[PDB]
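Colleague: Sharing a structure with you now.
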Number of protein chains: 2
Amino acid sequence: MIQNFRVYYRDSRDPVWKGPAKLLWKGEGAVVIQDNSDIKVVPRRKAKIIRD
Amino acid sequence: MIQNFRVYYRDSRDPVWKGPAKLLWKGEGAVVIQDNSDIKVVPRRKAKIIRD
């Protein structure tokens with residue numbers, strides 16, 4: 001049950017972090033999120049779980 | 001709460017279906033699954049929800 005949680009992540013075109021995203025799937029060292037209208041997979045090592 | 005469900009999917013190298021997979025995320029016309037030890041996203045139009 002994920003309440004209001006946000007996630008930041010780095011892109012492959014730039015080691016800088018990217019805007020916040022929505023946390024959907026959560027299990028091993030991987031987290032599925034959604035920034036625009038497209039869901040993608042991001043290694044947990046390149047994502048950070050922030051609270052809202 | 002996904003009980004025991006399997007999913008088949010076509011690869012981009014061949015329009016033929018691929019072995020069964022595990023159903024994890026389920027929402028819009030997209031379904032996250034896991035065949036080997038790697039989770040990926042597959043359009044619902046290229047996946048089929050089978051029961052186990």
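Chain lettering (A, B, ...) mirrors the order of the structure tokens, residue numbering begins at 1 for each chain separately, and ligand numbering begins at 1 in order of display.
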Would you pick out the contacts of range 29-31 of chain B at 12 Å or less, using only C-alpha atoms, so that residues sharing its chain but fewer than 4 positions from it are not included, and give the list as JSON, numbers by chain?

Modeller: {"A": [25, 32, 37, 38, 39, 40], "B": [6, 7, 8, 9, 21, 22, 23, 24, 25, 39, 40, 41, 42, 43, 44, 45, 46, 47, 48, 49]}

Colleague: Take the residues that were just selected and, keeping C-alpha atoms, output them as a short mmCIF file (atom, residue, chain, number, x, y, z; two decimals), in the first residue's frame.

Modeller:
```
data_model
loop_
_atom_site.label_atom_id
_atom_site.label_comp_id
_atom_site.auth_asym_id
_atom_site.auth_seq_id
_atom_site.Cartn_x
_atom_site.Cartn_y
_atom_site.Cartn_z
CA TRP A 25 6.19 -1.29 -8.12
CA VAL A 32 8.93 1.09 -11.44
CA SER A 37 2.60 9.27 -19.46
CA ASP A 38 5.04 6.35 -19.75
CA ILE A 39 6.07 3.77 -17.13
CA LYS A 40 9.71 2.57 -17.08
CA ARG B 6 0.95 -16.57 -15.99
CA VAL B 7 1.51 -14.32 -19.03
CA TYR B 8 2.80 -15.04 -22.55
CA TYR B 9 4.39 -12.31 -24.69
CA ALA B 21 6.11 -15.23 -17.33
CA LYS B 22 5.02 -13.96 -13.87
CA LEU B 23 2.40 -11.16 -13.57
CA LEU B 24 3.52 -8.40 -11.13
CA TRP B 25 2.23 -4.89 -12.03
CA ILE B 39 11.81 -7.40 -14.96
CA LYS B 40 10.61 -5.54 -18.09
CA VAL B 41 7.51 -3.69 -19.38
CA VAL B 42 5.29 -5.25 -22.10
CA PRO B 43 2.28 -3.58 -23.83
CA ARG B 44 -0.95 -5.35 -22.80
CA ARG B 45 -1.61 -5.72 -26.56
CA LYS B 46 1.43 -8.07 -26.75
CA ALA B 47 0.65 -10.01 -23.57
CA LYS B 48 -2.12 -12.44 -22.51
CA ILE B 49 -3.32 -13.09 -18.93
#
```

Colleague: List every residue of chain A that DSSP, applied to the backbone of this structure, assigns to strand (DSSP E), and report them as a ChimeraX atom specification.

Modeller: /A:5-10,17-26,30-34,39-43,47-51

Colleague: In Å, rounded to a single decimal, give me how far CA of residue 35 in chain B is from CA of residue 19 in chain B.

Modeller: 7.9 Å
